[PDB]
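In: just to be clear, this is only the beginning of the complex, oriented as in the whole thing:
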Amino acid sequence: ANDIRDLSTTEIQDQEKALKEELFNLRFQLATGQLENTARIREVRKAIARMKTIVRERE
Amino acid sequence: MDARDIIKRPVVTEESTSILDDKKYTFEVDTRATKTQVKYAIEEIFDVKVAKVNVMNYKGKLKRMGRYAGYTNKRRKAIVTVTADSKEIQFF
Amino acid sequence: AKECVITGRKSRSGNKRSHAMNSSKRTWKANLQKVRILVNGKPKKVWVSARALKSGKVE
Amino acid sequence: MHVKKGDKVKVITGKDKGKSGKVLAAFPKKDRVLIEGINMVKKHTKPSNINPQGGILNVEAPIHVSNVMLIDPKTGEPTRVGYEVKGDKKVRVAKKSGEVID
């Protein structure tokens, strides 16, 4: 959480896009059927939400 | 709606696997996605170029689990055909 | 609206008794003639009660 | 609860009164405690994924928390438990003879 608030509100969007790409790949692999570490979906969703909340509260 | 957001997940059955050979891939999309938003989203994600897209709406099936009845989700199925010269989405 | 704009008098309700005092429900309307007066600085045409018009208002 | 994972326990009431052991689980939702070597039961199970031979299985079964008294490693007797703040944290205290349980 507090590991994020020390970033210049620009690279966090880059991390957000990267996390979105990783989440989509994980969902795609689960749909195919070759995924086992299913906790990654929740982990990435929570991370994206945290960074979105930091963006919104920055103003 | 984000490009990652429009495309939900592939549909892997016997029919879709049988059609993958002819450069046709079957996906799920947002219930509110046009036939051209999907085309541009696929071009953006998988880095190919698309010839045609065909969409179709599926209603909700009726299921029961013991004294309790409800309808499954509502799907929006799409089929992307890719041009003569471009990469092939893996699926695997 | 059928109501005098100067004094707000309208239709009311009451009985119409006969001999032997049978009660029938009637109404008392009011004299509302249509005239042209100065509702605001600019003149217009509105309802004015005859009694309220007997002295004081211009036409 | 007043009894957590890993303690030493002397049961006091039931078919299996008077014995002692450790605790291997606790279910705060149901107020039950699983104590090894206490309240052993027989399970008739078919062959399956684990235990692929079935047979009669002998395992424990949870018991209510009220049937449990803590046992002190410094003294060694069933005692009621109090609390004290040592340093800047609260610790449990054997409120029978006064020794700090931890």
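Out: Sure thing, it's come through. Residues are numbered from 1 along each chain as shown, chains lettered A, B, ... in the order given.
In: residue B:25: neighbour count?
Out: Other residues near residue B:25 come to 21 when the count uses other Cβ atoms under 10 Å in any protein chain shown. C-beta: built from backbone N, CA, C; applies to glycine.
In: tell me the helices and strands packed up against the helix or strand containing it.
Out: Using DSSP states H and E, residue B:25 falls within strand B:24-29. On a contact count with 3 or more Cβ pairs under 8 Å, 6 or more residues apart in numbering or on different chains; DSSP states H and E, strand B:24-29 meets strand B:7-10, helix B:14-19, helix B:37-46, strand B:75-82.
In: in it, what counts as buried?
Out: Neighbour counts over strand B:24-29 (16 or more other Cβ atoms under 10 Å in any protein chain shown) mark B:24-29 as buried.
In: swap in stretch C:12-19?
Out: For stretch C:12-19, it's none, nothing buried (16+ other Cβ under 10 Å).
In: ends of that stretch, what's the gap?
Out: By Cα to Cα, to the nearest Å, the extent of stretch C:12-19 from end to end equals 23 Å.
In: how far off centre is that stretch?
Out: Its chain's C-alpha centre lies 19 Å from the corresponding centre of stretch C:12-19 when counted by Cα atoms, centre = their mean, to the nearest Å.
In: one more chain, RNA strand E:
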RNA sequence: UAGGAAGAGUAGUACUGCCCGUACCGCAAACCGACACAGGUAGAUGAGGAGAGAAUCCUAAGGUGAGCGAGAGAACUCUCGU
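Out: Once RNA strand E is put in with the chains from before, the structure reads:
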């Protein structure tokens, strides 16, 4: 015609073209009659022989053998023939 007016068409190339319905029954066991009900349900095509004919009898393409049976051949009731 009023009006706009520095762009215009021409030929050839390649590219672009959204949303909803799209299964199935549809003179029926899936629609309207509480039913796997002798009832009702708009429109298009609707062959041959004899015939004026979409009448009538037997047939083609096509479709069915009707969701209780077998066996005796009394009275009586119903539909029929002398």
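In: mind redoing the neighbour count of residue B:25 now RNA strand E's in there?
Out: By other Cβ under 10 Å, the residues close to residue B:25 number 21.
In: what bridges to it?
Out: On the basis of DSSP bridges, residue B:25 is bridged to residue B:80.
In: output the helix or strand containing residue C:34 as PDB, nothing but the C-alphas.
Out: For residue C:34, the enclosing helix or strand under DSSP H and E is strand C:32-37. The C-alpha trace of strand C:32-37 is given here as PDB (Å, rounded to 0.1, in the frame of the first residue of the first chain):
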ATOM      1  CA  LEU C  32     -66.500  36.700 -12.800                       C
ATOM      2  CA  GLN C  33     -66.600  38.900 -15.900                       C
ATOM      3  CA  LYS C  34     -63.800  38.900 -18.300                       C
ATOM      4  CA  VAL C  35     -62.100  42.300 -18.500                       C
ATOM      5  CA  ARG C  36     -58.800  43.900 -19.600                       C
ATOM      6  CA  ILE C  37     -56.600  45.400 -16.800                       C
END
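In: so which elements touch the next helix or strand along the chain from that strand?
Out: Remark: after strand C:32-37, the chain's next helix or strand is strand C:44-49, criterion DSSP H and E. Judged by 3+ Cβ pairs under 8 Å, 6+ apart, the packing partners of strand C:44-49 are strand C:32-37.
In: could you also fit RNA strand F onto it:
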RNA sequence: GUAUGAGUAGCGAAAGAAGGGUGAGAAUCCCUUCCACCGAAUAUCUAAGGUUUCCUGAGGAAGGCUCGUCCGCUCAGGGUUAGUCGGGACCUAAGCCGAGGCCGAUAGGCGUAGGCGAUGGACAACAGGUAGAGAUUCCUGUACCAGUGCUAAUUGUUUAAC
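Out: Let me add RNA strand F to what's already shown:
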């Protein structure tokens, strides 16, 4: 809730027969042959309506006026592809709503501009193929309608092509 009527009425128009097969179990399920019925229909399409009843693999408790290895029944997986077909992004009739407005104890009634509203008007794709389910939609040939860009000449500039 359970009896008597009682193992009684009924089993809802119609031609079936035999030989093989599966199956614990076959008049009732699958195949073959013979026979029979409709044929301006009991045939082939498509509207309204219904809403998964459609296909594959399993099942036989309940439903099926009997039986059932079967099914429009139970369980799990699947299945509907459009610039050209029908309807919107085009148009209006009956009718409906209706800015201002007229009328009226309250509520509201009527109505102008305007807008909705097909059962009608307008408008460019045909023939084939596909053994589990889609076909003027997918695929192979050949086409047409509207628009954009780009190459090539052509043409005009306010007594002004368009």
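In: in light of the added RNA strand F, please revisit what packs on strand B:24-29.
Out: strand B:7-10, helix B:14-19, helix B:37-46, strand B:75-82.
In: so that strand, near RNA strand E or not?
Out: No - Strand B:24-29 lies out of reach of RNA strand E by Cβ under 7 Å from any atom of the strand, never closer than 9.6 Å.
In: between that strand and helix B:37-46, how many degrees?
Out: 110 degrees (axes from the mean of the first three to the mean of the last three Cα atoms, to 10 degrees).
In: residues making contact with strand B:24-29?
Out: Residues from elsewhere that reach strand B:24-29, judged by Cβ atoms under 8 Å, 6 or more residues apart in numbering or on different chains: B:6-11, B:16, B:19, B:38, B:42, B:55, B:75-82, B:89, B:91.
In: which parts of chain B sit against RNA strand E?
Out: B:34-36, B:39, B:51, B:55-57.
In: residues contacting the closest residue to residue B:69 other than its chain neighbours?
Out: In this structure, residue B:69 finds its nearest non-sequential neighbour in residue B:62, 6.9 Å apart by Cβ to Cβ, 6 or more residues apart in numbering or on different chains. Going by Cβ under 8 Å, 6+ apart, residue B:62 touches B:69-72.
In: ok, now residue A:52?
Out: Contacts of residue A:52 (Cβ under 8 Å, 6+ apart): residue A:16.
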